[PDB]
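Visitor: Provided herewith is a single structure, encoded as structure tokens, for subsequent inquiry.
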Amino acid sequence: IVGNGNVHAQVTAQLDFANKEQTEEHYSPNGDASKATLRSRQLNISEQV
Amino acid sequence: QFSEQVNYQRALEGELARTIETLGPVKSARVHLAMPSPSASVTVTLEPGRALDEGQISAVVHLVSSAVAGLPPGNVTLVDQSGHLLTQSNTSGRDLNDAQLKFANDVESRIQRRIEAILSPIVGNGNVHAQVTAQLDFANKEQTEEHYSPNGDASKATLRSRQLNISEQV
Amino acid sequence: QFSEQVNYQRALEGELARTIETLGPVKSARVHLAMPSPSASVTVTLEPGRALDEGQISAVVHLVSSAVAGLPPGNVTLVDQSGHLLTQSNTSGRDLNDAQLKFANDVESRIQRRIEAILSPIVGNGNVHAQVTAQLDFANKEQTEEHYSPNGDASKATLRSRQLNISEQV
Amino acid sequence: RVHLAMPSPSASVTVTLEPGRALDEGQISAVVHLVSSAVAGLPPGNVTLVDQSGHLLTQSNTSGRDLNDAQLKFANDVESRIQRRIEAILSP
Amino acid sequence: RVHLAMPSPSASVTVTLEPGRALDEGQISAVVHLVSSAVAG
Amino acid sequence: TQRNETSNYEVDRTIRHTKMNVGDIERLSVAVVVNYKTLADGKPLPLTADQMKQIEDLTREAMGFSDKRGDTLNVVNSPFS
Amino acid sequence: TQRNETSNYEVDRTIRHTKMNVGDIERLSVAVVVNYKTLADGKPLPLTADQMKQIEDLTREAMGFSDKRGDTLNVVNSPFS
């Protein structure tokens, strides 16, 4: 666009070199009863009048 | 026993020196081994008026390294006829990480060539230039999902056992 | 016994070098073998005015690798008559995740040729160009589903045992 | 009609068959060795031969991961079989 | 030119075909299975 | 009244284990320049808007442009030297 | 009344194990200088504003500029020597 020798550019590259690990461990919320997954359930309902 | 290994190493050193000599712009060779962590040292005198490139030294380096059992390229050193330690493998710092630039350059060159090859027929042979910058993910990345279908609904539950006691006194 | 092994190994190296010498554009070769971490190196001096491609070097590395037991092709190196490491796997940082690029090139080239071959009869021999960019999934991926048919319905459930006690006092 | 591009060289030959003929397996080696030799420094593996309708006569191979491209060859074979069937049922 | 690897075994054959001929894909398998079954394992 | 109930369930389970590839294209930024001409002998004059729009689309398709990756594309028309 | 309820759950889980790269670009700073000329024979008169804007765009795209990383770019026009 501007010509063979009409432009000069200089670049600085800030680089990271730190060895960096990470171990995420995510769990879905099961608070809502319509999306919970039950393995067992013991439900006792006693009532005396 | 000992002198046998001595003779064998000393003969194979001259052998690899002779092979390295027959490599074009090289005048003389001298290979040396370290055999009990293995290591090797080669003193190559290139022919006056030439100089191997950075990816050209790796040729002789892994030639003498893989000619020897248990020797990684990194323990192989090479010295020119006037200083010039052309093998920086002693550090072995960015050797893996300088190939990332080559791979990224290959990717962006392929995309640039595709853009020019698709756009030149319309606008002309030399009426278009494209430059492509490709950011790449080099991070090793694992993942182990584990999803369970909800069984809150009684119409989609799957039962194995069920003890349902019902009492009623009036 | 140690002399037996060295002379046998040297004879194998010379024999293999002579065999890969009779390979057309190969004036002289030199096999070097190391069985302690198996390894092998070849110094090919091609006949002037030629160059073997990467798949053409795969041929020779598989030829000299399989000729001795336990040696993978990855420990076999080739060096040309002027440096020019012909095997990519030497400085094995990754050196194979760059094969994904040329595999993608093959895929895009086939799709491009298919579009060109189908569209040429209609619009003309050279009146159409197509460029294909293919995103490829190169990630290892496993899955283990486990589906259970619901048996909440009594008319579809399957019973193995059933203990039913019914009491009634009036 | 052979086209060359020398800046890693490569070549593309598009042979125009005489009406009602096709090259045999041993005939493509002749042309590949002819086009490879007549130019200095061009290996025979860089030139791609293409018929008048697809049908790449000189295939490409892989060095590092040579398993995923064999899938490509199998797909090409299946496509060629189905294409030949369509052509041989529609030509009459 | 046949070569063996006998200590997993392997074989390497350097066949030079006569000028003006080329074996087919199922024809290389001939020599392949010959040298493979000429050796145990 | 009383109502006791113990229930043991069998649950659908999916274990998807991925090992992501090393070297994927996270983001692309492409800049393209097109030369003026538009005339056989007269003064060069900017290519029409519809044409530049179609070069933009063609280079968008050749790039593999995807808003998910946040790719950026910029094509400009200016005379060369 | 009474209500006992012992509920055992199966929970969805995701485990990502990342090992970030060694040598990534945290931030880029680029300075660009362009030349005056703009005429066949007359005195140089500063490149016009829209042209400057498009040079800035082109170098922004060729940089891989991303304000998330905090990249910075500065383009100026001044006669050379």
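Identifiers for the structure tokens are assigned positionally: chains receive A, B, ... in sequence, residues are indexed from 1 per chain, and ligands are indexed from 1 in the order shown.
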Write out as an NGL selection string the set of residues from chain E that DSSP, computed on the backbone, places in strand (DSSP E).

Guide: :E and (2-5 or 10-13)

Visitor: Since we have the selection now, will you write its residues out, keeping C-alpha atoms, as an mmCIF file, in the first residue's frame?

Guide:
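The resulting file, result17.cif, is shown below:
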data_model
loop_
_atom_site.group_PDB
_atom_site.id
_atom_site.type_symbol
_atom_site.label_atom_id
_atom_site.label_comp_id
_atom_site.auth_asym_id
_atom_site.auth_seq_id
_atom_site.Cartn_x
_atom_site.Cartn_y
_atom_site.Cartn_z
ATOM 1 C CA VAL E 2 16.341 -60.946 1.441
ATOM 2 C CA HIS E 3 17.316 -59.966 4.991
ATOM 3 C CA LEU E 4 16.030 -61.373 8.279
ATOM 4 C CA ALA E 5 15.824 -60.124 11.860
ATOM 5 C CA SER E 10 10.969 -59.096 10.734
ATOM 6 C CA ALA E 11 12.104 -59.275 7.102
ATOM 7 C CA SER E 12 13.304 -56.789 4.490
ATOM 8 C CA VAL E 13 13.451 -57.664 0.779
#

Visitor: Counting only C-alpha atoms, what is within 10 Å of residue 1 in chain A, bar same-chain residues fewer than 3 positions away, as a PyMOL selection string?

Guide: (chain A and resi 4+6-7) or (chain F and resi 33-35+76-81) or (chain G and resi 51+55)

Visitor: Using only C-alpha atoms, which residue out of C:138, C:133, C:82, C:71 lies closest to residue 98 in chain C?

Guide: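 Distance minimum relative to residue 98 in chain C lands on C:138.
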
Visitor: Show which residues sit within 9 Å of residue 4 in chain F, as a list in words. Count only C-alpha atoms, and ignore same-chain residues fewer than 2 positions away.

Guide: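 So, after excluding close chain neighbours, the residues are residues 42, 43, 44, 45 and 46 of chain A; 163, 164, 165, 166 and 167 of chain B; 2 and 6 of chain F.
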
Visitor: Take the residues just selected and output them with N, CA and C atoms as a compact mmCIF listing (two decimals), in the first residue's frame.

Guide:
# COMPACT_ATOMS: atom_id res chain seq x y z
N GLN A 42 -34.70 -44.12 51.10
CA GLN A 42 -35.47 -44.72 52.18
C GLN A 42 -36.39 -43.64 52.74
N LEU A 43 -37.69 -43.78 52.50
CA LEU A 43 -38.68 -42.76 52.85
C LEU A 43 -39.70 -43.38 53.79
N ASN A 44 -39.64 -43.02 55.07
CA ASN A 44 -40.61 -43.44 56.06
C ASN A 44 -41.54 -42.28 56.39
N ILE A 45 -42.84 -42.53 56.31
CA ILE A 45 -43.86 -41.51 56.57
C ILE A 45 -44.82 -42.09 57.60
N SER A 46 -44.62 -41.75 58.87
CA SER A 46 -45.49 -42.17 59.95
C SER A 46 -46.42 -41.04 60.34
N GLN B 163 -38.77 -52.27 48.76
CA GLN B 163 -39.46 -52.76 49.94
C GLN B 163 -40.44 -51.69 50.39
N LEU B 164 -41.73 -51.91 50.13
CA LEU B 164 -42.78 -50.93 50.39
C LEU B 164 -43.72 -51.48 51.45
N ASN B 165 -43.51 -51.07 52.70
CA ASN B 165 -44.37 -51.47 53.81
C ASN B 165 -45.43 -50.40 54.04
N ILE B 166 -46.69 -50.82 54.11
CA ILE B 166 -47.81 -49.92 54.34
C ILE B 166 -48.62 -50.48 55.51
N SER B 167 -48.73 -49.70 56.57
CA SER B 167 -49.57 -50.03 57.71
C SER B 167 -50.67 -48.99 57.86
N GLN F 2 -48.76 -45.78 58.52
CA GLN F 2 -47.32 -45.81 58.29
C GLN F 2 -47.09 -46.12 56.82
N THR F 6 -38.15 -48.50 50.74
CA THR F 6 -36.75 -48.50 50.37
C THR F 6 -36.62 -48.89 48.91

Visitor: So which residues touch residue 10 in chain D within 9 Å, counting only C-alpha atoms, skipping near sequence neighbours fewer than 5 positions away, as a PyMOL selection string?

Guide: chain D and resi 3-5+42-43+45-48

Visitor: Which residues are close to residue 16 in chain E, i.e. within 9 Å by only C-alpha atoms, leaving aside same-chain residues fewer than 3 positions away? Reply as a list in words.

Guide: residues 22 and 23 of chain C; 1 of chain E

Visitor: Keeping only N, CA, C and O atoms, write the selected residues to a file as a tab-separated table (two decimals), in the first residue's frame.

Guide:
chain	number	residue	atom	x	y	z
C	22	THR	N	22.17	-50.18	-4.39
C	22	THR	CA	21.51	-50.51	-5.65
C	22	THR	C	20.05	-50.05	-5.59
C	22	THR	O	19.10	-50.82	-5.73
C	23	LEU	N	19.89	-48.73	-5.44
C	23	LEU	CA	18.57	-48.15	-5.26
C	23	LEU	C	18.32	-47.00	-6.23
C	23	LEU	O	17.55	-46.09	-5.93
E	1	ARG	N	17.06	-59.55	-2.84
E	1	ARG	CA	17.93	-59.46	-1.68
E	1	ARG	C	17.12	-59.55	-0.40
E	1	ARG	O	16.48	-58.58	0.01

Visitor: Could you give me, as a short mmCIF file (atom, residue, chain, number, x, y, z; two decimals) with N, CA, C and O atoms, in the first residue's frame, each residue of chain G that DSSP assigns to helix (DSSP H, G or I) when run on this structure's backbone?

Guide:
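The resulting file, part_9.cif, is shown below:
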data_model
loop_
_atom_site.label_atom_id
_atom_site.label_comp_id
_atom_site.auth_asym_id
_atom_site.auth_seq_id
_atom_site.Cartn_x
_atom_site.Cartn_y
_atom_site.Cartn_z
N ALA G 49 -6.75 10.72 6.59
CA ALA G 49 -7.18 10.09 7.84
C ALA G 49 -7.75 8.69 7.63
O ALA G 49 -7.43 7.78 8.40
N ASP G 50 -8.58 8.50 6.61
CA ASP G 50 -9.16 7.17 6.37
C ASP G 50 -8.08 6.17 5.98
O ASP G 50 -8.12 5.00 6.37
N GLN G 51 -7.10 6.62 5.19
CA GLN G 51 -5.96 5.76 4.88
C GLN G 51 -5.21 5.36 6.13
O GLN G 51 -4.86 4.19 6.29
N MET G 52 -4.96 6.31 7.04
CA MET G 52 -4.32 5.97 8.31
C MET G 52 -5.14 4.98 9.10
O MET G 52 -4.59 4.05 9.71
N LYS G 53 -6.46 5.16 9.11
CA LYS G 53 -7.34 4.26 9.85
C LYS G 53 -7.23 2.84 9.28
O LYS G 53 -7.16 1.87 10.04
N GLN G 54 -7.15 2.72 7.95
CA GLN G 54 -7.05 1.38 7.37
C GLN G 54 -5.66 0.77 7.53
O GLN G 54 -5.56 -0.45 7.68
N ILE G 55 -4.59 1.57 7.53
CA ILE G 55 -3.28 1.01 7.90
C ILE G 55 -3.29 0.51 9.33
O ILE G 55 -2.74 -0.55 9.64
N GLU G 56 -3.91 1.28 10.24
CA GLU G 56 -4.00 0.83 11.63
C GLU G 56 -4.79 -0.47 11.73
O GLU G 56 -4.39 -1.38 12.46
N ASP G 57 -5.88 -0.58 10.97
CA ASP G 57 -6.64 -1.83 10.96
C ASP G 57 -5.81 -2.99 10.43
O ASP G 57 -5.85 -4.09 10.99
N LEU G 58 -5.08 -2.77 9.34
CA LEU G 58 -4.30 -3.85 8.74
C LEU G 58 -3.21 -4.33 9.68
O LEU G 58 -3.00 -5.54 9.82
N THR G 59 -2.50 -3.41 10.33
CA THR G 59 -1.46 -3.84 11.26
C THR G 59 -2.07 -4.45 12.52
O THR G 59 -1.47 -5.34 13.14
N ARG G 60 -3.27 -4.00 12.90
CA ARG G 60 -3.97 -4.63 14.01
C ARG G 60 -4.32 -6.08 13.70
O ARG G 60 -4.17 -6.95 14.57
N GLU G 61 -4.77 -6.36 12.48
CA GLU G 61 -5.09 -7.73 12.10
C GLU G 61 -3.85 -8.58 11.87
O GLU G 61 -3.86 -9.77 12.20
N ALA G 62 -2.77 -8.01 11.33
CA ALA G 62 -1.53 -8.74 11.15
C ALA G 62 -0.78 -8.97 12.45
O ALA G 62 0.09 -9.84 12.51
N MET G 63 -1.09 -8.19 13.49
CA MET G 63 -0.50 -8.42 14.80
C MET G 63 -1.12 -9.62 15.49
O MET G 63 -0.44 -10.38 16.18
#

Visitor: Within 8 Å of range 10-19 of chain B, counting only C-alpha atoms, which residues show up once you throw out same-chain ones fewer than 5 positions away? Write them as a list in words, please.

Guide: residues 28, 29, 30, 31, 32, 33 and 64 of chain B; 30 and 43 of chain C

Visitor: Between B:37, B:135, B:77, B:158, which is the closest to chain C once you count only C-alpha atoms?

Guide: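 The closest residue to chain C is B:158.
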
Visitor: Near chain F, meaning an atom within 9 Å, which residues of chain C appear when counting only C-alpha atoms? Write them as a list in words.

Guide: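 Written out as asked, the residues are residues 97, 98, 131, 132, 133, 134, 135, 137, 138, 139, 140, 141, 142, 143, 144, 145, 146, 147 and 148 of chain C.
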
Visitor: Take the residues from that selection and write them out as a short mmCIF file (atom, residue, chain, number, x, y, z; two decimals), in the first residue's frame, keeping N, CA and C atoms.

Guide:
data_model
loop_
_atom_site.label_atom_id
_atom_site.label_comp_id
_atom_site.auth_asym_id
_atom_site.auth_seq_id
_atom_site.Cartn_x
_atom_site.Cartn_y
_atom_site.Cartn_z
N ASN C 97 2.52 -34.11 14.72
CA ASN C 97 1.33 -33.27 14.65
C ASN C 97 1.41 -32.30 13.49
N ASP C 98 2.51 -32.31 12.74
CA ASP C 98 2.59 -31.62 11.45
C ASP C 98 2.13 -32.50 10.30
N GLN C 131 -11.91 -23.86 -3.61
CA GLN C 131 -10.97 -23.99 -2.51
C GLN C 131 -11.72 -24.47 -1.28
N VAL C 132 -11.20 -25.51 -0.64
CA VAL C 132 -11.87 -26.17 0.47
C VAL C 132 -11.01 -26.04 1.72
N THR C 133 -11.60 -25.54 2.80
CA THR C 133 -10.95 -25.48 4.10
C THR C 133 -11.63 -26.49 5.01
N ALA C 134 -10.86 -27.43 5.53
CA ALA C 134 -11.38 -28.52 6.34
C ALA C 134 -10.86 -28.40 7.77
N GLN C 135 -11.77 -28.30 8.73
CA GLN C 135 -11.44 -28.42 10.13
C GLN C 135 -11.54 -29.89 10.51
N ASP C 137 -10.99 -33.09 13.39
CA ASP C 137 -10.95 -33.48 14.79
C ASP C 137 -9.86 -34.54 14.91
N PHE C 138 -8.71 -34.16 15.48
CA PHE C 138 -7.60 -35.07 15.69
C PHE C 138 -7.48 -35.53 17.14
N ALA C 139 -8.49 -35.26 17.95
CA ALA C 139 -8.41 -35.58 19.37
C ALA C 139 -8.91 -36.99 19.63
N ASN C 140 -8.14 -37.74 20.42
CA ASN C 140 -8.58 -39.05 20.89
C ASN C 140 -9.86 -38.89 21.70
N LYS C 141 -10.78 -39.84 21.55
CA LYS C 141 -12.12 -39.65 22.09
C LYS C 141 -12.74 -41.02 22.35
N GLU C 142 -13.03 -41.31 23.61
CA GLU C 142 -13.70 -42.54 24.00
C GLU C 142 -15.04 -42.22 24.66
N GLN C 143 -15.92 -43.21 24.66
CA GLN C 143 -17.24 -43.05 25.25
C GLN C 143 -17.76 -44.41 25.66
N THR C 144 -18.46 -44.46 26.80
CA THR C 144 -19.04 -45.70 27.31
C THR C 144 -20.45 -45.39 27.80
N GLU C 145 -21.43 -45.52 26.92
CA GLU C 145 -22.81 -45.35 27.32
C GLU C 145 -23.30 -46.58 28.07
N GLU C 146 -24.38 -46.40 28.83
CA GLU C 146 -24.99 -47.51 29.55
C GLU C 146 -26.46 -47.15 29.76
N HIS C 147 -27.33 -47.74 28.95
CA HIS C 147 -28.75 -47.43 28.96
C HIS C 147 -29.54 -48.52 29.67
N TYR C 148 -30.44 -48.11 30.55
CA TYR C 148 -31.30 -49.02 31.29
C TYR C 148 -32.75 -48.74 30.93
#

Visitor: Using only C-alpha atoms, which of the listed residues (A:47, A:33, A:40, A:24) sits closest to chain B?

Guide: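 Comparing A:47, A:33, A:40, A:24 against chain B, the winner is A:33.
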
Visitor: Please report the interatomic distance between CA of residue 72 in chain F and CA of residue 69 in chain G in Å with one decimal.

Guide: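 We find that CA of residue 72 in chain F and CA of residue 69 in chain G lie 15.6 Å from each other.
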
Visitor: Pull out every residue of chain C sitting within 8 Å of chain D, counting only C-alpha atoms, and send them as a list in words.

Guide: residues 49, 50, 51, 52, 53, 54, 55, 56, 58, 96, 99, 103, 106, 107, 113, 114, 117 and 118 of chain C

Visitor: With the cut-off set at 8 Å and counting only C-alpha atoms, tabulate each residue of chain C with an atom at most that distance from an atom of chain B, showing the nearest atom pair and its distance in Å to one decimal, ordered by chain and increasing number, as JSON lines.

Guide:
{"residue": "C:2", "atom": "CA", "partner": "B:4", "partner_atom": "CA", "distance": 7.4}
{"residue": "C:3", "atom": "CA", "partner": "B:4", "partner_atom": "CA", "distance": 7.5}
{"residue": "C:6", "atom": "CA", "partner": "B:8", "partner_atom": "CA", "distance": 7.4}
{"residue": "C:30", "atom": "CA", "partner": "B:19", "partner_atom": "CA", "distance": 7.0}
{"residue": "C:32", "atom": "CA", "partner": "B:67", "partner_atom": "CA", "distance": 5.3}
{"residue": "C:33", "atom": "CA", "partner": "B:67", "partner_atom": "CA", "distance": 5.8}
{"residue": "C:34", "atom": "CA", "partner": "B:69", "partner_atom": "CA", "distance": 4.9}
{"residue": "C:35", "atom": "CA", "partner": "B:69", "partner_atom": "CA", "distance": 6.3}
{"residue": "C:36", "atom": "CA", "partner": "B:69", "partner_atom": "CA", "distance": 6.0}
{"residue": "C:37", "atom": "CA", "partner": "B:70", "partner_atom": "CA", "distance": 5.2}
{"residue": "C:38", "atom": "CA", "partner": "B:69", "partner_atom": "CA", "distance": 5.9}
{"residue": "C:39", "atom": "CA", "partner": "B:66", "partner_atom": "CA", "distance": 5.2}
{"residue": "C:40", "atom": "CA", "partner": "B:67", "partner_atom": "CA", "distance": 5.1}
{"residue": "C:41", "atom": "CA", "partner": "B:67", "partner_atom": "CA", "distance": 4.9}
{"residue": "C:42", "atom": "CA", "partner": "B:63", "partner_atom": "CA", "distance": 7.2}
{"residue": "C:43", "atom": "CA", "partner": "B:19", "partner_atom": "CA", "distance": 6.8}
{"residue": "C:45", "atom": "CA", "partner": "B:23", "partner_atom": "CA", "distance": 7.6}
{"residue": "C:75", "atom": "CA", "partner": "B:66", "partner_atom": "CA", "distance": 6.4}
{"residue": "C:76", "atom": "CA", "partner": "B:66", "partner_atom": "CA", "distance": 6.8}
{"residue": "C:77", "atom": "CA", "partner": "B:63", "partner_atom": "CA", "distance": 6.2}
{"residue": "C:78", "atom": "CA", "partner": "B:63", "partner_atom": "CA", "distance": 7.0}
{"residue": "C:79", "atom": "CA", "partner": "B:59", "partner_atom": "CA", "distance": 5.7}
{"residue": "C:80", "atom": "CA", "partner": "B:23", "partner_atom": "CA", "distance": 7.4}
{"residue": "C:81", "atom": "CA", "partner": "B:23", "partner_atom": "CA", "distance": 4.7}
{"residue": "C:82", "atom": "CA", "partner": "B:24", "partner_atom": "CA", "distance": 5.3}
{"residue": "C:83", "atom": "CA", "partner": "B:56", "partner_atom": "CA", "distance": 4.9}
{"residue": "C:84", "atom": "CA", "partner": "B:56", "partner_atom": "CA", "distance": 5.6}
{"residue": "C:85", "atom": "CA", "partner": "B:59", "partner_atom": "CA", "distance": 4.6}
{"residue": "C:90", "atom": "CA", "partner": "B:62", "partner_atom": "CA", "distance": 6.4}
{"residue": "C:91", "atom": "CA", "partner": "B:73", "partner_atom": "CA", "distance": 7.6}
{"residue": "C:92", "atom": "CA", "partner": "B:96", "partner_atom": "CA", "distance": 7.7}
{"residue": "C:93", "atom": "CA", "partner": "B:96", "partner_atom": "CA", "distance": 4.6}
{"residue": "C:94", "atom": "CA", "partner": "B:96", "partner_atom": "CA", "distance": 7.5}
{"residue": "C:98", "atom": "CA", "partner": "B:103", "partner_atom": "CA", "distance": 6.5}
{"residue": "C:101", "atom": "CA", "partner": "B:107", "partner_atom": "CA", "distance": 7.4}
{"residue": "C:129", "atom": "CA", "partner": "B:118", "partner_atom": "CA", "distance": 7.2}
{"residue": "C:130", "atom": "CA", "partner": "B:118", "partner_atom": "CA", "distance": 7.1}
{"residue": "C:131", "atom": "CA", "partner": "B:118", "partner_atom": "CA", "distance": 6.2}
{"residue": "C:148", "atom": "CA", "partner": "B:158", "partner_atom": "CA", "distance": 6.8}
{"residue": "C:149", "atom": "CA", "partner": "B:158", "partner_atom": "CA", "distance": 6.8}
{"residue": "C:150", "atom": "CA", "partner": "B:158", "partner_atom": "CA", "distance": 4.5}
{"residue": "C:151", "atom": "CA", "partner": "B:158", "partner_atom": "CA", "distance": 5.4}
{"residue": "C:152", "atom": "CA", "partner": "B:155", "partner_atom": "CA", "distance": 5.7}
{"residue": "C:153", "atom": "CA", "partner": "B:155", "partner_atom": "CA", "distance": 7.3}

Visitor: So the first atom is CA of residue 35 in chain D and the second is CA of residue 1 in chain D; what is the distance between them in Å, to one decimal place?

Guide: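 Computed distance, CA of residue 35 in chain D to CA of residue 1 in chain D, equals 11.5 Å.
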
Visitor: Have a look at CA of residue 41 in chain G and CA of residue 39 in chain F and let me know their distance in Å, one decimal.

Guide: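 Calculated distance between CA of residue 41 in chain G and CA of residue 39 in chain F is 24.6 Å.
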